[PDB]
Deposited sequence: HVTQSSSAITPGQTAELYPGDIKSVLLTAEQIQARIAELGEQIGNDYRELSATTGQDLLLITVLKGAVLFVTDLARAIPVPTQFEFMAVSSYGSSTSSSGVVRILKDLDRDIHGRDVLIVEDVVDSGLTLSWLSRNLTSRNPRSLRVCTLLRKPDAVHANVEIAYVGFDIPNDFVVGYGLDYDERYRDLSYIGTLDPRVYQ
């Protein structure tokens, strides 16, 4: 039975497909960061709110010790900063989607100014307009078309985040 009956037009990524890719990502990320030298765990900086489901599944798929951080930014200003000093830490930005790349471009500049040991980016979704941006993304879950999607953290007006899958919305929803 549909959680939001009639609201989802079509499925883009099943729950099974999402988890399988996250398993792959975690192993790849674990490979690249395999704390024995530095003595400090990989730092996952989650961009609230869309990336919260992604990061909890991803962290459990990463076979090395990881720590959680949470940020929230607007459409350039910080609503919610780090409770952490990332100086000398290995940092991984965890996003749900990169579209224009504006959020990432801003977040990359902010975090790198705090002088971390390293900074990399992991996003679940990447849309075609990200081509025009210039911040390297080491880890990408899926490349998708330009359409507006919801589910698995992705919202429309704070709704549909709780979906286990990702899909597009019926036009009637925006009304």
Not represented among the modelled residues are deposited positions 1 to 14, 49 to 50, 92 to 101
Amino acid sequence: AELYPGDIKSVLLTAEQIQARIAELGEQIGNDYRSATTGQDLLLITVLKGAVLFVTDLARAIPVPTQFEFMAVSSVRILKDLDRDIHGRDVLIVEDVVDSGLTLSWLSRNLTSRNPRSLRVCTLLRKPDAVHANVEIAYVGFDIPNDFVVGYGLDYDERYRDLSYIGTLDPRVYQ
From here on, numbers count along this sequence of modelled residues.
Compare the mean C-alpha B-factor of 120 to 128 with that of 40 to 48 as given in the PDB entry, and name the stretch with the higher value. 40 to 48
Looking only at C-alpha temperature factors in the entry, 156 to 164 or 20 to 28, the higher average sits in 20 to 28
For 113, 56, 146, 66, the deposited C-alpha B-factor is largest at 113
Using only modelled residues of the chain, where does the Cα B factor of residue 62 rank: lowest third, middle third or highest third? lowest
Going by the CA temperature factor in the PDB record, which third of the chain does residue 90 belong to: lowest, middle or highest? middle
Third of the chain, ranked by Cα B-factor, where residue 97 sits: lowest
Compare the C-alpha B factor of residue 142 with those of the other modelled residues in its chain, then answer lowest, middle or highest third. lowest
